[PDB]
Amino acid sequence: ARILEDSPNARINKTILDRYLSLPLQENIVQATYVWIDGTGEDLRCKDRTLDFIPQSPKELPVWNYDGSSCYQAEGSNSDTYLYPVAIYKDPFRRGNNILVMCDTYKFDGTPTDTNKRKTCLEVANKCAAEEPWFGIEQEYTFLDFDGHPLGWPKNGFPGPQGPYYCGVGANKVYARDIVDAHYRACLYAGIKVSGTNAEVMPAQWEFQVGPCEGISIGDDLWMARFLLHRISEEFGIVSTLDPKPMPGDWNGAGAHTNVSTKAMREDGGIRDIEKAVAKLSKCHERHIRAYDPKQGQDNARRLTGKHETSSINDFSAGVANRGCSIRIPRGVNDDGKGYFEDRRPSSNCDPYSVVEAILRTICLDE
Amino acid sequence: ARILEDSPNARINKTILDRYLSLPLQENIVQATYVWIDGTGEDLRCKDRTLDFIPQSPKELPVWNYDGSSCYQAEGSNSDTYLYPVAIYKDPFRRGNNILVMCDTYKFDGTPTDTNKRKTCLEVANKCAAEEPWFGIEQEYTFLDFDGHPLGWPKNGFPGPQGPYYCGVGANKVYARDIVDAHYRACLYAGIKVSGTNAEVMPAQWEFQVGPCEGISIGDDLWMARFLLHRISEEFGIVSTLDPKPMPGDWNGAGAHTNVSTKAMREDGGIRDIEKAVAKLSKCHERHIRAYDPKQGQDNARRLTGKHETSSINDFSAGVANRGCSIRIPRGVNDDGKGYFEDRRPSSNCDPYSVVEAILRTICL
Amino acid sequence: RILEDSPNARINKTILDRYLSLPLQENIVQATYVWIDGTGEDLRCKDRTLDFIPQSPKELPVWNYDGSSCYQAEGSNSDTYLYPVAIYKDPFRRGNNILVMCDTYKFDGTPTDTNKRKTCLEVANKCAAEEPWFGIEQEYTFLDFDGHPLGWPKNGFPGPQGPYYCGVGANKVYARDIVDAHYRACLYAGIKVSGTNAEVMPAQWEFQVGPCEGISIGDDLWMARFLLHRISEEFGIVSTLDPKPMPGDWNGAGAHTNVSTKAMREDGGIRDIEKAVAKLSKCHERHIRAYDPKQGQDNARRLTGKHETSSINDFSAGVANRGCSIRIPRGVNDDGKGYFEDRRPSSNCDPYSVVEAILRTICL
Amino acid sequence: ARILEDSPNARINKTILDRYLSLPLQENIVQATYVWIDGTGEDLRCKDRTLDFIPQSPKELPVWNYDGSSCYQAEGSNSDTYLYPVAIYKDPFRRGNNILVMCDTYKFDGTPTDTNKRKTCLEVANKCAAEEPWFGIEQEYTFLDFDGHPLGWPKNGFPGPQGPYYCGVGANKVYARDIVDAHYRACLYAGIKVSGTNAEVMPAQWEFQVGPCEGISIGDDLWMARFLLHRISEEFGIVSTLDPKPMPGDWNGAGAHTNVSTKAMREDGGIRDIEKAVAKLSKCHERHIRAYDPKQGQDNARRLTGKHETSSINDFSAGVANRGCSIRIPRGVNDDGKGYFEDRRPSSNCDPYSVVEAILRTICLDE
Amino acid sequence: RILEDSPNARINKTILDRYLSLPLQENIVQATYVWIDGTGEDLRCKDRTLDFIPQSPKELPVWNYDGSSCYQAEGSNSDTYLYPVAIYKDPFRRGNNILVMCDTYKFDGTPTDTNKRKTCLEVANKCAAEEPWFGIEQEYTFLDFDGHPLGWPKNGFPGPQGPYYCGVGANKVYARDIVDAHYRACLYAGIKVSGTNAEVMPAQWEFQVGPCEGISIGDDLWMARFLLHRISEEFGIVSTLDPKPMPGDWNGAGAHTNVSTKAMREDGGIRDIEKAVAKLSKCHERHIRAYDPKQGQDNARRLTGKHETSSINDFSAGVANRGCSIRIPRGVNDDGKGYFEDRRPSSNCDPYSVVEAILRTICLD
Ligand SMILES: Nc1ncnc2c1ncn2[C@@H]1O[C@H](COP(=O)(O)OP(=O)(O)O)[C@@H](O)[C@H]1O
Ligand SMILES: Nc1ncnc2c1ncn2[C@@H]1O[C@H](COP(=O)(O)OP(=O)(O)O)[C@@H](O)[C@H]1O
Ligand SMILES: Nc1ncnc2c1ncn2[C@@H]1O[C@H](COP(=O)(O)OP(=O)(O)O)[C@@H](O)[C@H]1O
Ligand SMILES: Nc1ncnc2c1ncn2[C@@H]1O[C@H](COP(=O)(O)OP(=O)(O)O)[C@@H](O)[C@H]1O
Ligand SMILES: Nc1ncnc2c1ncn2[C@@H]1O[C@H](COP(=O)(O)OP(=O)(O)O)[C@@H](O)[C@H]1O
């Protein structure tokens with residue numbers, strides 16, 4: 001009755017679309033959905049165009065543009081903002097040779113927009129290329145009803161206390177698995193390396209893991225995966241939020257925990273290299289928590305500095321297999337004496353480009 | 001409209017998923033769902049990962065972990081808990097080469113968790129192998145709406161008294177058969193030997209039978225089957241509960257009656273062996289009740305009173321084709337001089353590993 | 001309001017199809033055993049996984065159920081046995097899956113009170129040389145979960161009879177989808193459903209089975225009944241065989257029974273038809289006793305002589321006449337051969353008892 | 001929201017009437033409501049007329065008529081049926097000098113209707129005038145919603161089992177006390193001797209007791225109490241039923257237990273006269289059952305099974321302090337050597353005139 | 001949704017008034033007899049017409065009821081007797097109409113199992129010399145018809161505790177109308193209600209009765225409970241006295257009892273009190289049995305030692321302290337004299353048993 005009752009998309013018919021989706025087209029014709037990051041640094045925008053050819057590379061896609069003043073990227077008279085494809089994926093909605101196109105964005109003068117964090121991240125990731133840095137990201141998120149309350153939670157109230165929902169199974173334990181399952185498979189079909197999923201501590205809260213991807217491709221892939229989550233959830237009338245505190249107080253906020261390695265760390269006795277990198281990471285702490293947050297640490301501080309599977313934003317701790325510590329070497333990695341380390345500081349709404357750039361600067365470029 | 005009105009999963013669209021399900025993936029890509037028992041010893045948990053190969057046995061799969069502090073399996077600062085794969089099944093939700101994996105769980109130091117009953121059962125099952133013991137379990141369960149009241153029952157009250165609902169047919173006799181049929185088929189596809197189903201005495205109450213299964217297999221199989229029931233139910237917005245007394249008073253609680261035979265018992269003249277086994281089980285009643293419910297024989301006490309065709313919690317009686325009993329020999333087993341016997345004591349929420357072990361201890365060791 | 005409280009109507013209906021397309025290894029066979037309970041009117045069922053494709057009812061195992069849970073308590077040994085009698089293709093699962101009609105037997109091998117097949121079969125076998133054929137017109141009514149006829153205004157009545165019989169239209173007949181699904185399921189299963197029609201009462205319908213030789217009418221009508229209840233379950237709709245599912249001047253329900261022997265079907269058999277009707281005239285009370293499963297109590301509520309119906313007490317029979325106990329149809333009196341129509345059996349009759357009683361009187 | 005949703009009277013505004021009730025008229029305008037029993041023998045009918053005078057006794061009221069063919073009292077084309085006042089009460093709905101009139105009925109030729117039982121009862125009661133016989137009746141009844149299900153019961157189902165509802169207090173114990181309380185007060189005001197009320201075993205079930213009344217007046221007063229019950233219930237959209245089994249099974253039926261005493265049973269040593277009457281009623285069980293029911297034993301046969309605190313229809317019994325019997329003599333009476341006896345046979349829908357006559361015929365006219 | 005299924009909430013409430021206002025001759029008197037049933041928790045009532053105005057209880061007729069219809073079955077001798085023991089003016093009917101508190105007796109003239117008044121009264125008269133005064137703080141909770149606390153989100157919880165205690169506002173306290181109506185109806189009836197407040201738990205409230213001399217605190221509290229249920233009823237809201245109307249870290253329910261003798265109150269002061277207290281430290285186990293009507297089984301649920309309550313095993317005494325079993329209020333300590341607080345009695349206690357036990361231990365040894 002109440003659940004999704006005001007959500008426009010949940011109330012529109014979902015069956016008719018298949019009639020039109022079945023329509024055969026000249027294989028020549030290609031619909032391309034260009035996706036980009038808006039002025040908030042948090043949200044995605046998209047639009048599409050018809051091509052008459054199958055592109056092999058993002059360089060073969062035309063440069064496009066949008067009204068930056070309609071996306072919180074105003075620039076007086078000169079608000080036309082340009083779209084530079086950087087990465088191509090198969091489209092799981094249209095399936096043909098139809099494609100999704102991640103972009104980065106440039107002002108009219110050829111300079112990056114404020115929210116373009118990929119330009120510099122790429123400079124750096126090229127300059128550490130020889131080190132073959134690999135990143136995994138654990139993206140947490142919460143499903144909301146249209147009124148902003150977490151999906152399925154009683155209106156004007158709370159479901160039972162945490163305990164039964166983590167990795168839960170059952171109608172009273174986890175909600176909207178359908179979307180999670182759809183999204184997992186859509187990401188796979190699109191060529192994004194999602195390595196798994198789980199249900200989180202808060203009911204309506206989930207996680208998917210992406211990686212491991214090399215260098216800057218973790219940013220393109222996570223951004224596209226976010227796009228896909230929002231877009232799939234839209235069809236259901238459900239809002240997916242990346243906000244780190246989608247509900248105040250005792251309930252679990254949201255991280256984007258980031259797993260890192262270089263070729264040396266992955267090699268035999270890389271443990272010493274890891275332990276070195278964590279030391280370096282462990283103290284420049286005030287500098288990273290700024291580029292782990294699209295508003296420079298104001299979002300972080302709603303979730304962080306507590307005792308709910310997180311990290312204190314105040315100070316810094318580096319433990320082994322410690323969910324309480326900002327940066328963490330897993331037990332099996334100590335045991336193996338090689339592998340990777342987990343940075344538990346990035347917030348669910350982090351920009352991955354900023355995260356990897358801060359990381360690489362510190363552990364490869366030697367600041 | 002009240003039925004399922006507040007169930008989130010029942011209020012979310014169900015046809016969109018099929019679009020995404022039919023997406024074709026490159027081969028190499030396998031989705032594996034790991035499943036384990038949590039610190040309650042009753043409830044299941046699960047999560048997924050992507051593999052780049054097709055495993056051939058459980059041994060080929062990666063050991064994995066979870067946070068036990070989030071599963072009622074806290075161990076201070078060392079809360080990481082380990083998932084060991086013990087059985088693979090085909091995945092009926094995702095099909096193809098996708099798989100479901102039953103696990104057992106270990107603490108950070110390599111010891112079993114309190115609710116891992118399989119390590120100790122596996123040991124005993126292995127000592128008893130040559131007697132080739134076979135187990136079947138009749139798992140009773142009940143469908144609930146989101147508010148915890150049994151599915152389709154009138155809000156704040158009761159349907160008609162017992163009688164019409166057992167093995168029923170008709171819109172006013174039995175509810176949500178679609179889940180039952182979907183589950184029977186899913187299990188069969190998964191490789192679980194579901195041997196039957198029926199609607200039970202209580203409206204919204206049902207049973208599926210698993211077996212016969214070789215030794216430790218009954219435990220892996222029944223756990224995975226329970227998983228499948230919860231997980232299929234979930235899509236409908238419906239809760240499946242294995243609680244033994246999901247409504248109080250004169251409403252049939254729930255059992256997990258266990259059928260047992262050894263090789264001796266299945267060969268001509270087995271009835272002698274069956275007779276002896278029943279004899280031994282009669283001198284250690286209390287120990288079995290304690291292993292026959294995962295809270296030491298306390299959820300056993302809200303059901304096993306000595307009424308509604310059942311055992312008594314304090315009292316051990318056996319008999320030939322007798323349902324007011326603990327241990328029963330079926331008429332057809334007696335008439336054939338060979339076969340299997342029925343242990344009626346275990347409750348719907350028993351851990352099958354514990355039931356098996358207790359039994360094999362008494363009648364093989 | 002319509003079906004708002006029917007649990008099965010409120011549960012999602014599209015998810016099942018995802019699990020139904022699940023491919024299983026050839027040779028796994030699901031078998032659903034079906035039986036009549038201690039009311040003598042209602043059906044029960046459950047299912048088992050089999051190893052093999054049975055070639056005939058004898059190849060299937062004997063099973064059991066707890067009689068105490070279906071009004072068949074025999075104190076301390078209530079374990080009741082299920083003997084397969086007929087096998088049908090399963091229209092719900094298809095493949096090699098089957099439904100299995102049974103009859104039922106106590107612990108000591110004697111028949112339960114509601115097993116009327118045993119005794120009917122002895123009689124029908126004795127009459128086999130007369131090749132008796134039976135056709136049955138099974139009437140029924142769809143109900144909402146509250147017991148009120150489906151679609152009828154709550155706490156009230158739709159317009160008077162006239163427009164609904166064999167109707168077409170959203171305001172003339174209800175739930176044809178179940179009717180059409182049943183019709184085809186029955187044909188797929190191997191049941192000889194010869195026709196259907198909408199009846200005089202809105203939400204009321206009829207299916208005809210036959211002609212079937214002997215005992216097989218009984219098996220087949222029972223499985224068709226099971227199929228009706230079972231298909232209508234998935235819609236959340238109750239199908240009742242109650243003979244007077246609403247009181248007043250609203251059409252009750254019959255299971256009119258058409259009957260012929262070898263002699264009656266050959267030219268000049270009309271003589272033998274009249275012989276048979278005459279033997280049935282002389283023992284009216286024993287048939288009305290056989291013609292509902294409480295011995296003449298349920299038919300009384302229908303048989304008022306007013307609504308296309310015969311008298312409770314008084315036996316009558318005439319050509320072309322729907323006010324009579326036993327009617328000889330126009331076409332058959334004209335043709336000099338065919339069958340007679342027995343209009344006495346109520347919609348909740350056991351066809352084994354009906355067959356047996358008619359065979360005893362016209363063949364014995 | 002279902003309780004009373006389909007009941008027309010519950011869905012009509014209730015405060016508007018007050019506006020019109022407070023309209024003053026001159027004391028000499030009298031509204032008289034004539035009430036009678038219809039051809040079912042169970043239900044009441046009524047209608048109103050304006051008088052210009054205040055009658056002093058039933059003798060002073062006009063004899064009236066109605067169309068019996070609309071009340072199941074057809075008699076072909078001579079269907080005009082006559083209404084003779086026999087009792088007047090003060091009207092608790094209009095107050096002032098307005099009145100309710102209980103009547104009995106008579107066919108066009110002056111002979112009584114089949115459902116007029118008063119006539120032959122009053123013949124009898126007059127011959128027993130000396131014995132000064134008193135009657136109390138314990139009228140059980142059930143409130144139903146408009147769909148025929150008991151008021152407040154879950155639709156298509158049953159509330160919790162019996163036990164908590166008898167003389168209960170609490171929103172989840174008893175329902176519609178306002179009607180019970182209104183009616184009790186309205187009976188008193190109208191001039192009926194209502195001695196008490198209680199909530200009964202079945203939820204939605206209630207009882208009021210009337211008496212002790214002298215002779216024939218028990219009949220007139222109880223029929224008028226009945227009228228008032230339905231007429232008051234009607235306002236709330238609630239149906240009040242006197243059906244003896246308003247729900248089949250292990251749910252308590254409804255009786256009209258009748259307390260009886262003569263001058264002689266009330267004096268010292270009266271108990272001796274009592275045990276003699278019981279014995280006389282014990283010799284003719286089948287006579288009474290037929291007088292105890294608007295048919296002749298048909299509705300009793302659904303209530304009276306032996307269980308649920310009532311006598312068997314088949315055989316008779318006495319005892320003391322026993323609620324399983326037909327005729328109960330209270331303890332407090334045996335102990336005091338005087339009082340009355342309780343006939344527990346009459347069903348809730350009995351016609352009281354029929355109950356009284358049959359009892360008097362037996363215990364006074366020595367039949 | 002709130003009160004949507006409560007029959008009394010859905011019945012028109014304005015019509016009754018046009019009937020109550022009807023006038024009747026002055027010595028027509030409606031009397032409502034009130035008694036405790038076989039649970040020893042719940043009340044029952046029924047009513048009769050008198051033709052006179054009673055001056056005291058003894059002028060009312062002894063009456064009876066069917067004990068087998070209220071869990072007071074004694075086979076075929078089930079008629080149970082009502083003895084009037086206290087009269088109150090009737091706030092629902094006004095005029096000379098009355099409410100009658102009774103105690104109950106078997107057919108043989110002996111007290112029913114749930115009459116604690118008879119023995120309580122014996123002891124009270126023996127301690128009359130020492131002029132004992134009692135004050136009781138009765139907590140209770142309002143429930144919707146489904147048993148969920150009134151106004152709480154269906155299938156869930158409101159915000160944590162903090163804002164509700166002594167709260168003001170539509171989102172802080174619920175159903176103040178019932179509380180005000182009860183407060184006043186009690187005062188009019190002759191019951192010495194001395195205050196009320198909204199409790200920690202949302203929908204939870206309290207009223208205080210007393211100080212009352214001796215046995216009358218039991219009569220008066222019982223009749224106040226009656227009034228609460230009966231007023232609640234007209235709104236279609238349930239009032240429960242269950243000590244833990246919701247599980248976990250939501251505030252249970254007490255019936256804290258304040259106590260004094262003449263000594264303790266007249267100047268002599270806290271040395272009489274400190275001795276009285278030390279007499280209670282001796283017998284905790286015995287008092288927990290007197291302090292709910294199943295003898296420790298319901299208390300165990302709110303007496304956790306957590307959420308401002310004492311633990312059910314261990315005894316404790318502190319000044320101005322709220323974690324203790326017995327309490328000396330700072331205010332009484334500061335002064336020569338006063339009363340002491342007993343914080344162990346549970347919301348569903350029988351006050352007659354609370355008084356008796358306190359009096360045996362303290363005025364009698
Ligand atoms: N050597 C590595 N370097 C970087 N990332 C890795 C490496 N190995 C694994 N990862 C990635 O880290 C992520 C692990 O997330 P998850 O399984 O949720 O870990 P946990 O929940 O134990 O913290 C996965 O995407 C995985 O692919
Ligand atoms: N020899 C045997 N040993 C163990 N289990 C058996 C044996 N034979 C059959 N079983 C299993 O016993 C179970 C019987 O379940 P069910 O038909 O519900 O029995 P009932 O309802 O009569 O107790 C099924 O799992 C069946 O496969
Ligand atoms: N000669 C016959 N002998 C036995 N049964 C017959 C014969 N002819 C027809 N039937 C059966 O009787 C049924 C006739 O029912 P129906 O056509 O509904 O009759 P009506 O038109 O009078 O309702 C058919 O379903 C058919 O199987
Ligand atoms: N002497 C008497 N003769 C006839 N009826 C009496 C006499 N004394 C009292 N009564 C009536 O008996 C009835 C008592 O009924 P009730 O109080 O319900 O008792 P119980 O609890 O035994 O059913 C009242 O109608 C009362 O007026
Ligand atoms: N001397 C006394 N002896 C017994 N009871 C008393 C005495 N003085 C006050 N009381 C009663 O104790 C109750 C106090 O309850 P309350 O005001 O809620 O106290 P608190 O909430 O501070 O514990 C009141 O009914 C009060 O009348």
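Every heavy atom of this structure was used, including side-chain atoms; hydrogens, water molecules and symmetry mates were not. Per chain, numbering begins at 1; letters A, B, ... match sequence-line order.
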Practice problem: Any chance you could lay out the side chain to side chain contact (heavy atoms under 4.5 Å, CB included) test for A:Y292 and A:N300, step after step, and finish with the verdict? | Solution: CA-CA 8 Å; A:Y292 281 16; A:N300 262 315; 3.8 Å; yes

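- In terms of modelled atom types and a separation under 3.5 Å, the side chain of A:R331 and the main chain of A:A321 share no donor-acceptor contact.
- The pair A:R11-A:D6 does not count as a salt bridge, with every side-chain nitrogen at least 4.0 angstrom from each carboxylate oxygen.
- Checking side-chain atoms of A:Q298 against main-chain N and O of A:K295 turns up a donor-acceptor pair under 3.5 Å.
- For A:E367 and A:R287, the salt-bridge test passes: some basic side-chain N is under 4.0 Å from an acidic carboxylate O.
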Practice problem: Assess whether salt bridge (charged side-chain N to carboxylate O under 4.0 Å, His left out) is satisfied between A:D293 and A:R290, documenting all intermediate values. | Solution: CA-CA 6 Å; A:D293 194 290; A:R290 258 121 120 238; over 6 Å; no

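- In terms of modelled atom types and a separation under 3.5 Å, the side chain of A:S312 and the main chain of A:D315 share no donor-acceptor contact.
- Checked by atom type and distance alone, the side chain of A:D91 never pairs as donor or acceptor with a backbone atom of A:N97 at under 3.5 Å.
- Panel note: side chain A:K245, backbone A:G249; a donor-acceptor pair is recorded below 3.5 Å.
- Between A:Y353 and A:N116, the closest side-chain pair of non-hydrogen atoms is not below 4.5 Å.
- Judged purely by atom type and a 3.5 angstrom limit, A:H308 has no side-chain atom pairing as donor or acceptor with the backbone of A:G253.
- You'll find the ring centres of A:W64 and A:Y84 outside the 6.0 Å limit.
- Counting heavy atoms from C-beta outward, A:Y141 and A:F208 have side chains that approach closer than 4.5 Å.
- In this structure, A:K90 and A:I99 have side chains that are not in contact, with every pair of non-hydrogen atoms separated by 4.5 Å or more.
- With hydrogens and angles ignored, the 3.5 Å screen pairs a side-chain donor or acceptor of A:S57 with a backbone N or O of A:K59.
- The number of heavy-atom neighbours closer than 6.0 Å to CG of A:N156, taken from other residues, nucleotides and ligands shown, is 12 or below.
- When atom types are taken as modelled, the side chain of A:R185 and the backbone of B:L21 share a donor-acceptor pair closer than 3.5 angstrom.
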Quiz prompt | Derivation of the side chain to side chain contact (heavy atoms under 4.5 Å, CB included) call for A:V180 and A:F143 | solution = CA-CA 10 Å; A:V180 167; A:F143 289 136; 4.1 Å; yes

Quiz item: Between A:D38 and A:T40, does a side chain to side chain donor-acceptor pair (under 3.5 Å) hold up when you go through it step by step?
Solution: CA-CA 6 Å; A:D38 78 3; A:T40 73; 2.8 Å; yes

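- Side chain to side chain, A:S326 and A:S317 fail the donor-acceptor criterion of an N or O pair below 3.5 Å.
- A salt bridge links A:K107 and A:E75; the closest N-O separation between the charged side-chain nitrogens and carboxylate oxygens is under 4.0 Å.
- Looking at A:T142 and A:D243, their side chains never come closer than 4.5 Å, going by heavy atoms from C-beta outward.
- In the model, A:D250 has no side-chain atom that pairs as donor or acceptor with a side-chain atom of A:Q162 under 3.5 Å.
- For A:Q73 (side chain) and A:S69 (main-chain N/O), no donor-acceptor pair under 3.5 Å exists by modelled atom type.
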Exercise. Test A:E309 against A:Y166 for side chain to side chain donor-acceptor pair (under 3.5 Å), laying out the working first.
Key: CA-CA 12 Å; A:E309 265 186 304; A:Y166 174 77; 5.6 Å; no

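- Remark: the backbone N or O of A:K338 is not paired with any side-chain donor or acceptor of A:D273 at under 3.5 angstrom.
- One distance of note links CD1 of A:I329 with CD of A:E275; it measures 4.5 Å at 0.5 Å rounding.
- Salt-bridge formation is not detected for the pair A:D43/A:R226: no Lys NZ or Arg NE/NH1/NH2 atom is positioned less than 4.0 Å from an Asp or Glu carboxylate oxygen.
- Aromatic ring orientation, A:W251 versus A:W153: tilted (interplanar angle from 30° to 60°).
- Between A:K155 and A:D147 there is a salt bridge, with a side-chain nitrogen of the basic residue lying less than 4.0 Å from a carboxylate oxygen of the acidic one.
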Practice problem: Quick one: do A:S261 and A:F135 satisfy side chain to side chain contact (heavy atoms under 4.5 Å, CB included)? Show the steps, please. | Solution: CA-CA 7 Å; A:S261 65; A:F135 303 91; over 6 Å; no

Exercise. Take A:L4 and A:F146 through the side chain to side chain contact (heavy atoms under 4.5 Å, CB included) test and state the conclusion after the steps.
Key: CA-CA 7 Å; A:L4 299 171; A:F146 192 76; 5.7 Å; no

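- Counting heavy atoms from C-beta outward, A:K263 and A:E267 have side chains that approach closer than 4.5 Å.
- A heavy-atom distance below 4.5 Å is found between the side chains of A:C187 and A:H183.
- With no hydrogens or angles considered, no side-chain donor-acceptor pair links A:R177 and A:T197 at under 3.5 Å.
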Quiz prompt | Test log, rule side chain to side chain donor-acceptor pair (under 3.5 Å), inputs A:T258 and A:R345 | solution = CA-CA 8 Å; A:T258 308; A:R345 292 169 303 165; over 6 Å; no

Quiz item: Can you check salt bridge (charged side-chain N to carboxylate O under 4.0 Å, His left out) on B:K14 and A:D178, steps first, answer last?
Solution: CA-CA 8 Å; B:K14 302 286 163 195; A:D178 273 23; 3.7 Å; yes

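- For the pair A:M265/A:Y340, no side-chain contact is recorded, criterion being any heavy-atom separation below 4.5 Å from C-beta on.
- For A:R94, the CZ atom is densely surrounded, since the number of other residues' heavy atoms within 6.0 Å is greater than 12.
- Between A:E123 and A:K127, none of the side-chain N atoms (NZ, or NE/NH1/NH2) sits under 4.0 Å from a carboxylate O, so this pair counts as no salt bridge.
- Salt bridge A:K117/A:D351: absent, no basic N to carboxylate O contact under 4.0 Å.
- Atom CG of A:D67 is surrounded by more than 12 heavy atoms from other residues, nucleotides or ligands within 6.0 Å.
- Taking the centre and axis of the six-membered ring of A:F93, the NZ or CZ atom of A:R231 falls inside the cone set by 45° and 6.0 Å.
- No more than 12 heavy atoms of other residues, nucleotides or ligands shown are found within 6.0 angstrom of OH on A:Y72.
- There is no side-chain donor-acceptor pair under 3.5 Å between A:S348 and A:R303.
- Within the 4.5 Å cutoff, the side chain of A:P92 has heavy atoms near those of the A:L100 side chain.
- Salt bridge present: A:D220 and A:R118 bring a charged side-chain N and a carboxylate O closer than 4.0 Å.
- Here CD1 of A:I274 is found 10.0 Å from CD1 of A:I363. Values are rounded to the nearest 0.5 Å.
- A salt bridge links A:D18 with B:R19: at least one charged nitrogen is closer than 4.0 Å to a carboxylate oxygen.
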